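Pasted below: structure32.cif, mmCIF, C-alpha atoms.
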data_run
#
loop_
_atom_site.label_atom_id
_atom_site.label_comp_id
_atom_site.auth_asym_id
_atom_site.auth_seq_id
_atom_site.Cartn_x
_atom_site.Cartn_y
_atom_site.Cartn_z
CA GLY A 1 -28.38 18.73 28.36
CA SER A 2 -31.33 18.07 30.67
CA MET A 3 -31.93 14.38 30.07
CA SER A 4 -29.68 12.06 32.05
CA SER A 5 -27.03 10.37 29.95
CA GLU A 6 -27.65 12.81 27.09
CA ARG A 7 -24.37 13.41 25.23
CA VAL A 8 -23.15 14.44 21.82
CA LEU A 9 -22.10 11.41 19.80
CA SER A 10 -18.34 11.12 19.20
CA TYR A 11 -16.50 8.96 16.69
CA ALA A 12 -13.48 6.73 16.10
CA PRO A 13 -11.39 6.27 12.96
CA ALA A 14 -13.16 3.87 10.62
CA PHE A 15 -10.25 1.61 9.70
CA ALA A 16 -6.61 0.90 10.46
CA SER A 17 -4.27 0.28 7.54
CA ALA A 18 -2.38 -3.02 7.48
CA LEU A 19 -0.10 -3.16 4.45
CA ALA A 20 1.68 -6.43 3.77
CA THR A 21 5.01 -6.45 1.95
CA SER A 22 3.18 -8.06 -0.97
CA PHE A 23 1.19 -4.85 -1.41
CA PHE A 24 4.41 -2.88 -1.90
CA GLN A 25 5.95 -5.58 -4.11
CA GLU A 26 2.93 -5.39 -6.43
CA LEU A 27 2.95 -1.59 -6.36
CA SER A 28 6.57 -1.70 -7.47
CA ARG A 29 5.99 -4.17 -10.30
CA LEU A 30 3.09 -2.09 -11.63
CA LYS A 31 4.85 1.25 -11.28
CA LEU A 32 7.43 -0.06 -13.76
CA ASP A 33 4.69 0.01 -16.40
CA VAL A 34 3.82 3.68 -15.88
CA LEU A 35 7.12 5.54 -15.48
CA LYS A 36 6.07 8.02 -18.19
CA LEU A 37 3.08 9.19 -16.14
CA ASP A 38 3.10 11.87 -13.43
CA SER A 39 0.46 9.98 -11.45
CA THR A 40 -2.10 7.19 -11.70
CA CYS A 41 -5.22 6.08 -9.87
CA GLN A 42 -5.89 2.35 -9.71
CA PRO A 43 -8.94 0.72 -8.11
CA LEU A 44 -8.37 -1.50 -5.07
CA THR A 45 -10.55 -4.05 -3.32
CA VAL A 46 -10.19 -5.14 0.29
CA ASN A 47 -12.23 -7.73 2.18
CA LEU A 48 -13.35 -6.71 5.67
CA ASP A 49 -13.63 -9.36 8.37
CA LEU A 50 -15.94 -7.78 10.94
CA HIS A 51 -16.31 -11.07 12.84
CA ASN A 52 -12.63 -11.48 13.70
CA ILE A 53 -11.38 -8.04 14.76
CA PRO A 54 -8.44 -8.45 17.19
CA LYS A 55 -9.31 -7.44 20.76
CA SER A 56 -6.31 -5.09 20.68
CA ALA A 57 -7.85 -3.07 17.84
CA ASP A 58 -10.06 0.03 17.98
CA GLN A 59 -11.44 -0.60 14.49
CA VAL A 60 -11.38 -3.11 11.66
CA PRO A 61 -8.06 -3.54 9.88
CA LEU A 62 -7.76 -2.77 6.19
CA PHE A 63 -5.56 -5.61 4.95
CA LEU A 64 -3.80 -4.54 1.75
CA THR A 65 -1.82 -7.12 -0.24
CA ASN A 66 -0.80 -7.89 -3.80
CA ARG A 67 -4.30 -9.32 -4.23
CA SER A 68 -5.90 -5.95 -3.48
CA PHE A 69 -4.96 -4.86 -7.02
CA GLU A 70 -6.87 -7.76 -8.57
CA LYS A 71 -10.50 -8.00 -9.63
CA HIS A 72 -12.32 -9.96 -6.94
CA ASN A 73 -15.14 -12.05 -8.38
CA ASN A 74 -16.28 -14.15 -5.42
CA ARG A 76 -14.87 -14.94 0.74
CA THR A 77 -16.37 -16.70 3.77
CA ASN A 78 -18.01 -14.08 6.05
CA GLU A 79 -16.72 -10.79 4.59
CA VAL A 80 -17.65 -7.35 3.30
CA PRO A 81 -15.94 -6.16 0.09
CA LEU A 82 -14.75 -2.57 0.29
CA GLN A 83 -13.75 -0.65 -2.84
CA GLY A 84 -11.10 2.05 -2.87
CA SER A 85 -8.12 3.16 -4.90
CA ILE A 86 -4.46 4.01 -4.85
CA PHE A 87 -3.17 7.28 -6.27
CA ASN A 88 0.50 6.79 -6.99
CA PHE A 89 2.60 9.90 -7.56
CA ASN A 90 5.83 9.56 -9.50
CA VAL A 91 7.18 12.90 -8.34
CA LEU A 92 7.85 13.01 -4.60
CA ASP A 93 7.50 16.80 -4.50
CA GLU A 94 3.95 16.52 -5.83
CA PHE A 95 3.08 13.84 -3.27
CA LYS A 96 4.36 16.18 -0.53
CA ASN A 97 2.84 19.40 -1.85
CA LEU A 98 -0.60 18.09 -2.81
CA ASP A 99 -3.20 19.88 -0.68
CA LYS A 100 -4.43 16.88 1.32
CA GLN A 101 -7.63 18.50 2.58
CA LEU A 102 -8.67 19.52 -0.93
CA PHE A 103 -7.86 16.03 -2.18
CA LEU A 104 -9.84 14.26 0.53
CA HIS A 105 -12.64 16.75 -0.01
CA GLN A 106 -12.80 15.79 -3.70
CA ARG A 107 -12.96 12.11 -2.69
CA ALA A 108 -15.71 12.88 -0.16
CA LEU A 109 -17.73 14.67 -2.83
CA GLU A 110 -17.79 11.49 -4.92
CA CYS A 111 -18.92 9.50 -1.87
CA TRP A 112 -21.60 12.11 -1.22
CA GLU A 113 -22.86 12.06 -4.80
CA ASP A 114 -22.98 8.27 -4.66
CA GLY A 115 -24.67 8.25 -1.27
CA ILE A 116 -27.55 10.54 -2.13
CA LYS A 117 -28.49 7.99 -4.81
CA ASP A 118 -27.79 4.90 -2.68
CA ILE A 119 -26.81 5.31 0.97
CA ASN A 120 -24.91 2.03 0.80
CA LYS A 121 -22.46 3.49 -1.71
CA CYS A 122 -21.03 6.37 0.35
CA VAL A 123 -18.06 4.48 1.85
CA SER A 124 -14.60 4.28 0.32
CA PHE A 125 -10.89 4.54 1.04
CA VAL A 126 -7.94 6.05 -0.76
CA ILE A 127 -4.23 5.43 -0.50
CA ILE A 128 -1.81 8.04 -1.78
CA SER A 129 1.74 6.84 -2.36
CA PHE A 130 5.23 7.61 -3.50
CA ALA A 131 7.54 4.64 -4.12
CA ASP A 132 11.30 5.07 -4.26
CA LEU A 133 12.19 1.95 -6.25
CA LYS A 134 15.93 2.59 -5.93
CA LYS A 135 15.88 2.65 -2.11
CA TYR A 136 12.82 0.42 -1.90
CA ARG A 137 11.30 3.00 0.44
CA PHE A 138 7.55 3.60 0.27
CA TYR A 139 5.62 6.64 1.48
CA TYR A 140 1.89 6.09 1.90
CA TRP A 141 -1.15 7.64 3.52
CA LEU A 142 -4.61 6.13 3.98
CA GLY A 143 -7.56 8.49 3.85
CA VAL A 144 -11.14 7.48 4.57
CA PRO A 145 -13.44 10.24 3.33
CA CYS A 146 -15.82 11.07 6.18
CA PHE A 147 -18.19 13.97 5.55
CA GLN A 148 -20.45 15.95 7.86
CA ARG A 149 -23.02 17.99 5.95
CA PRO A 150 -24.12 20.35 7.21
CA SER A 151 -20.87 20.89 9.07
CA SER A 152 -22.69 22.37 12.04
CA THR A 153 -25.11 19.55 12.82
CA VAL A 154 -24.37 17.47 15.88
CA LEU A 155 -26.14 14.39 17.16
CA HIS A 156 -27.38 14.37 20.73
CA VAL A 157 -27.96 10.83 22.01
CA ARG A 158 -28.81 8.74 25.03
CA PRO A 159 -29.03 4.95 25.44
CA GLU A 160 -32.16 3.15 24.26
CA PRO A 161 -31.74 -0.36 25.73
CA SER A 162 -35.38 -1.23 24.95
CA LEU A 163 -34.18 -1.85 21.38
CA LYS A 164 -31.40 -4.30 22.28
CA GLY A 165 -33.57 -7.23 21.17
CA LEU A 166 -33.05 -6.18 17.55
CA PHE A 167 -29.28 -6.55 17.63
CA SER A 168 -29.21 -10.27 16.80
CA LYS A 169 -31.54 -9.86 13.82
CA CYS A 170 -29.55 -6.89 12.49
CA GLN A 171 -26.30 -8.87 12.80
CA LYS A 172 -27.80 -11.67 10.74
CA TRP A 173 -29.32 -9.30 8.17
CA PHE A 174 -25.91 -7.66 7.69
CA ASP A 175 -24.30 -11.11 7.31
CA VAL A 176 -26.67 -12.02 4.49
CA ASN A 177 -26.68 -8.61 2.84
CA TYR A 178 -22.93 -8.18 2.62
CA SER A 179 -23.08 -5.27 0.18
CA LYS A 180 -25.16 -3.15 2.56
CA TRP A 181 -24.03 -0.69 5.23
CA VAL A 182 -27.45 0.38 6.49
CA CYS A 183 -30.85 -1.21 7.19
CA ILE A 184 -34.06 0.17 8.69
CA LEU A 185 -37.31 -1.06 10.21
CA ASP A 186 -40.43 -0.90 8.10
CA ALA A 187 -43.78 0.14 9.50
CA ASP A 188 -44.32 -3.37 10.85
CA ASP A 189 -40.84 -3.67 12.43
CA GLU A 190 -39.46 -5.88 9.66
CA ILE A 191 -35.77 -5.24 8.88
CA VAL A 192 -35.49 -4.06 5.28
CA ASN A 193 -33.14 -2.13 3.03
CA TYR A 194 -32.88 1.61 3.55
CA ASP A 195 -35.68 3.46 1.75
CA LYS A 196 -35.87 7.21 2.28
CA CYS A 197 -39.67 7.25 2.15
CA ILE A 198 -40.03 4.48 4.75
CA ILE A 199 -37.46 5.84 7.22
CA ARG A 200 -39.18 9.23 7.21
CA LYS A 201 -42.09 7.40 8.87
CA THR A 202 -40.43 4.65 10.92
CA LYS A 203 -37.39 6.60 12.13
CA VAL A 204 -35.25 3.58 13.06
CA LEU A 205 -31.89 3.18 11.28
CA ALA A 206 -29.17 0.56 11.88
CA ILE A 207 -25.57 0.88 10.69
CA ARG A 208 -22.91 -1.76 10.12
CA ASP A 209 -20.19 -0.38 12.42
CA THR A 210 -16.44 -0.71 11.84
CA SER A 211 -15.36 0.55 15.28
CA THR A 212 -14.87 -1.58 18.41
CA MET A 213 -14.52 1.34 20.81
CA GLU A 214 -17.12 1.26 23.59
CA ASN A 215 -20.05 3.56 22.82
CA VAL A 216 -18.10 5.27 20.04
CA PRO A 217 -19.15 4.45 16.47
CA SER A 218 -17.01 4.63 13.33
CA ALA A 219 -16.58 8.06 11.74
CA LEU A 220 -18.34 6.54 8.71
CA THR A 221 -21.47 7.21 10.75
CA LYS A 222 -21.03 10.85 9.72
CA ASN A 223 -21.48 9.86 6.07
CA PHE A 224 -24.69 7.95 6.68
CA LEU A 225 -26.15 10.69 8.89
CA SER A 226 -25.30 13.34 6.29
CA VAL A 227 -27.18 11.32 3.67
CA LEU A 228 -30.08 10.84 6.09
CA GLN A 229 -30.39 14.60 6.63
CA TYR A 230 -30.45 15.20 2.87
CA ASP A 231 -33.01 12.46 2.33
CA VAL A 232 -35.29 13.49 5.23
CA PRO A 233 -34.70 17.21 6.00
CA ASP A 234 -37.52 17.35 8.59
CA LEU A 235 -36.21 14.41 10.62
CA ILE A 236 -35.05 15.56 14.04
CA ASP A 237 -35.62 12.67 16.44
CA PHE A 238 -34.96 9.05 15.51
CA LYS A 239 -33.48 5.79 16.82
CA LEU A 240 -30.00 4.75 15.75
CA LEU A 241 -28.59 1.24 16.14
CA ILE A 242 -24.83 0.76 15.95
CA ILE A 243 -24.40 -2.89 15.00
CA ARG A 244 -21.27 -4.92 15.63
CA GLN A 245 -20.57 -8.62 15.26
CA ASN A 246 -19.03 -8.73 18.73
CA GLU A 247 -21.04 -8.05 21.90
CA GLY A 248 -20.61 -4.31 21.54
CA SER A 249 -23.73 -3.24 19.65
CA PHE A 250 -25.65 -0.32 21.17
CA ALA A 251 -28.89 1.58 20.50
CA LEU A 252 -29.43 5.32 20.76
CA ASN A 253 -32.29 7.75 21.13
CA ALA A 254 -30.94 10.41 18.73
CA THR A 255 -31.65 14.09 18.04
CA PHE A 256 -30.13 16.28 15.33
CA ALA A 257 -29.24 19.80 16.45
CA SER A 258 -27.33 22.70 14.92
CA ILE A 259 -24.55 24.55 16.73
CA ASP A 260 -24.76 27.42 14.21
CA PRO A 261 -28.07 29.36 14.08
CA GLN A 262 -26.87 31.35 11.06
CA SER A 263 -25.94 28.31 8.94
CA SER A 264 -27.24 27.97 5.37
CA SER A 265 -29.52 25.33 3.81
CA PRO A 268 -24.61 24.18 3.93
CA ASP A 269 -20.88 23.57 4.34
CA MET A 270 -19.41 20.07 4.22
CA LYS A 271 -16.75 19.25 6.79
CA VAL A 272 -14.45 16.51 5.56
CA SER A 273 -11.94 14.48 7.52
CA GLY A 274 -10.42 11.01 7.69
CA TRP A 275 -6.67 11.00 7.08
CA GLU A 276 -5.06 8.21 9.10
CA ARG A 277 -2.66 9.17 11.87
CA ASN A 278 0.78 7.65 11.60
CA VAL A 279 2.63 5.64 14.22
CA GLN A 280 3.59 8.75 16.19
CA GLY A 281 -0.03 9.90 16.09
CA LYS A 282 0.64 12.74 13.65
CA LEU A 283 -1.43 13.55 10.58
CA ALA A 284 1.29 12.64 8.12
CA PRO A 285 2.24 9.80 5.78
CA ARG A 286 3.72 6.55 6.92
CA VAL A 287 7.04 5.43 5.49
CA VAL A 288 8.21 1.85 5.02
CA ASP A 289 11.76 0.64 4.31
CA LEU A 290 11.56 -2.71 2.53
CA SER A 291 15.15 -2.98 1.33
#
Structure rendered as structure tokens:
Amino acid sequence: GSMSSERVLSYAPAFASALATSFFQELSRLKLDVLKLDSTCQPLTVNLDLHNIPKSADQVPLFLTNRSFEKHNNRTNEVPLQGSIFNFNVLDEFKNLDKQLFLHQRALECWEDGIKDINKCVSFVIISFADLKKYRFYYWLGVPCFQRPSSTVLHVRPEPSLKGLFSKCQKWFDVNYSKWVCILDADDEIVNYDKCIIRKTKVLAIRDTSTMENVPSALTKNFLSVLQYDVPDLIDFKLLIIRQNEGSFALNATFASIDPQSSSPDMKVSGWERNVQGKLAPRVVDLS
């Protein structure tokens, strides 16, 4: 870099799983109904509380309970997040499943959704195996985060002149609880993402799930991948990372490729949650 404070943007895991015993109790009750199946995929809903993230956290917790299996129809200050649980009834299959291929398939659905509506490119998946005899549960949270093209990086530096917008973005996100992104229109009004407007105005704000200083959620990758698809000629733009704490920040951003011989493109996918030891592997819970 040549500009002071120019850096490549780096990311933090989008969510941290927090499974209550009730989640496993419900999983067990429901598994009893599908013993004849090799595997099942059931939708889940979690409610994110981005206003009350514990100071000890690096990102918003994903609170899974018995209620996560239910259809949610109506909660005070919260963002509904849809996902699913893939339960495998054969432990060997759970173990042997190619996890990168699986997460890549999930990311492809998020991508397909996102290029129609950028607000629909976020999801989570839990894979599980439940030993009902031992009451031991293996699980692994994946959050499909995709970088397409794989070789694009984002160079950024601070843009504090835009800090005034943070309060308005926070409020807009509060009201529009189904939305992950907003933009400025040509007259600096905050409005829903529109790929024809952003091509002109070049200011995008994202509802961030990270609390790490100057390090946005990996979900940012998803939104930026959709942005590149929507506006291929966009190189320089402003990016606001909006948080409900005091940690929002604004960036003067520039797309660049680290591979001059890249096509136009590969999709890099990541997002499996590290376990307690920090390894990329499932978590296991003994509830006996």
Would you kindly translate the PyMOL selection byres ((chain A and resi 107) around 10) into the concrete residues it picks from this file, as a list in words?
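The output of the PyMOL selection byres ((chain A and resi 107) around 10) on this file is residues 101, 102, 103, 104, 105, 106, 108, 109, 110, 111, 112, 124, 125, 126, 143, 144, 145, 146, 147 and 272 of chain A.
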Assuming 4 Å of padding per side, give the centre and edge lengths of the axis-aligned box around every listed atom of region 205-213 of chain A, in Å to one decimal and as AutoDock Vina command-line options.
--center_x -23.2 --center_y 0.7 --center_z 15.5 --size_x 25.4 --size_y 12.9 --size_z 18.7
Using all atoms listed in the file, can you tell me which of A:12, A:92, A:213, A:27 comes closest to residue 53 (chain A)?
A:213
Using only C-alpha atoms, the shortest atom-to-atom distance to residue 76 (chain A) among A:148, A:47, A:52, A:171 belongs to A:47
Produce a table with one row for each residue of region 191-257 of chain A that has an atom at most 10 Å from any atom of region 3-11 of chain A, each row naming the nearest atom pair and its distance in Å at one decimal; use only C-alpha atoms; arrange rows by chain and rising residue number; format as a tab-separated table.
residue	atom	partner	partner_atom	distance
A:211	CA	A:11	CA	8.6
A:213	CA	A:11	CA	8.9
A:215	CA	A:10	CA	8.6
A:216	CA	A:11	CA	5.2
A:217	CA	A:11	CA	5.2
A:218	CA	A:11	CA	5.5
A:219	CA	A:11	CA	5.0
A:220	CA	A:11	CA	8.5
A:221	CA	A:11	CA	7.9
A:222	CA	A:11	CA	8.5
A:252	CA	A:9	CA	9.6
A:253	CA	A:6	CA	9.1
A:254	CA	A:9	CA	9.0
A:255	CA	A:8	CA	9.3
A:256	CA	A:8	CA	9.7
A:257	CA	A:8	CA	9.7
Name every residue that the PyMOL selection byres ((chain A and resi 118) around 10) selects in this structure, writing the answer as a count of residues only with chains first and numbers rising.
15
So, with all atoms listed in the file as the atoms that count, which of A:99, A:58, A:186, A:132 lies closest to residue 28 (chain A)?
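Smallest distance to residue 28 (chain A) is found for A:132.
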Find, counting only C-alpha atoms, the residue in A:276, A:247, A:231, A:237 that gets nearest to residue 149 (chain A).
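Of the candidates, the smallest distance to residue 149 (chain A) is held by A:231.
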Using the structure just given, write a file holding C-alpha atoms for region 52-93 of chain A, as a PDB file, in the first residue's frame.
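Saved file decode-v4.pdb follows:
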ATOM      1  CA  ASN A  52     -27.334  -7.195  24.005  1.00  0.00           C
ATOM      2  CA  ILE A  53     -24.178  -9.009  22.903  1.00  0.00           C
ATOM      3  CA  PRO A  54     -22.080  -9.889  25.990  1.00  0.00           C
ATOM      4  CA  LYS A  55     -18.863  -7.849  26.234  1.00  0.00           C
ATOM      5  CA  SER A  56     -16.957 -11.142  26.479  1.00  0.00           C
ATOM      6  CA  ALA A  57     -18.137 -12.193  23.017  1.00  0.00           C
ATOM      7  CA  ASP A  58     -16.475 -11.678  19.626  1.00  0.00           C
ATOM      8  CA  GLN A  59     -19.762 -12.101  17.761  1.00  0.00           C
ATOM      9  CA  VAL A  60     -23.475 -12.547  18.324  1.00  0.00           C
ATOM     10  CA  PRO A  61     -24.542 -15.805  19.943  1.00  0.00           C
ATOM     11  CA  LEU A  62     -26.833 -18.182  18.098  1.00  0.00           C
ATOM     12  CA  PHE A  63     -29.181 -19.348  20.855  1.00  0.00           C
ATOM     13  CA  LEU A  64     -30.665 -22.721  19.918  1.00  0.00           C
ATOM     14  CA  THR A  65     -33.453 -24.187  22.065  1.00  0.00           C
ATOM     15  CA  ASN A  66     -36.483 -26.442  21.748  1.00  0.00           C
ATOM     16  CA  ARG A  67     -38.297 -23.390  20.373  1.00  0.00           C
ATOM     17  CA  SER A  68     -35.897 -23.146  17.429  1.00  0.00           C
ATOM     18  CA  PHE A  69     -37.762 -26.069  15.833  1.00  0.00           C
ATOM     19  CA  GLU A  70     -41.069 -24.209  15.957  1.00  0.00           C
ATOM     20  CA  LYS A  71     -42.645 -21.854  13.441  1.00  0.00           C
ATOM     21  CA  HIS A  72     -42.117 -18.322  14.735  1.00  0.00           C
ATOM     22  CA  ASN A  73     -44.994 -16.035  13.792  1.00  0.00           C
ATOM     23  CA  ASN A  74     -44.226 -12.839  15.714  1.00  0.00           C
ATOM     24  CA  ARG A  76     -39.776 -10.528  19.638  1.00  0.00           C
ATOM     25  CA  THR A  77     -38.808  -7.159  21.129  1.00  0.00           C
ATOM     26  CA  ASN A  78     -35.714  -5.825  19.291  1.00  0.00           C
ATOM     27  CA  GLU A  79     -34.561  -8.871  17.288  1.00  0.00           C
ATOM     28  CA  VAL A  80     -33.562 -10.193  13.873  1.00  0.00           C
ATOM     29  CA  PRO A  81     -34.991 -13.580  12.818  1.00  0.00           C
ATOM     30  CA  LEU A  82     -32.399 -15.846  11.229  1.00  0.00           C
ATOM     31  CA  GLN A  83     -33.430 -18.944   9.274  1.00  0.00           C
ATOM     32  CA  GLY A  84     -31.326 -22.082   9.098  1.00  0.00           C
ATOM     33  CA  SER A  85     -31.690 -25.826   9.361  1.00  0.00           C
ATOM     34  CA  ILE A  86     -30.505 -28.960  11.080  1.00  0.00           C
ATOM     35  CA  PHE A  87     -29.332 -31.968   9.102  1.00  0.00           C
ATOM     36  CA  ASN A  88     -29.570 -34.946  11.401  1.00  0.00           C
ATOM     37  CA  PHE A  89     -27.712 -38.100  10.389  1.00  0.00           C
ATOM     38  CA  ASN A  90     -28.861 -41.412  11.817  1.00  0.00           C
ATOM     39  CA  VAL A  91     -25.664 -43.215  10.888  1.00  0.00           C
ATOM     40  CA  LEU A  92     -22.632 -41.913  12.756  1.00  0.00           C
ATOM     41  CA  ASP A  93     -20.255 -43.118  10.042  1.00  0.00           C
TER      42      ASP A  93
END
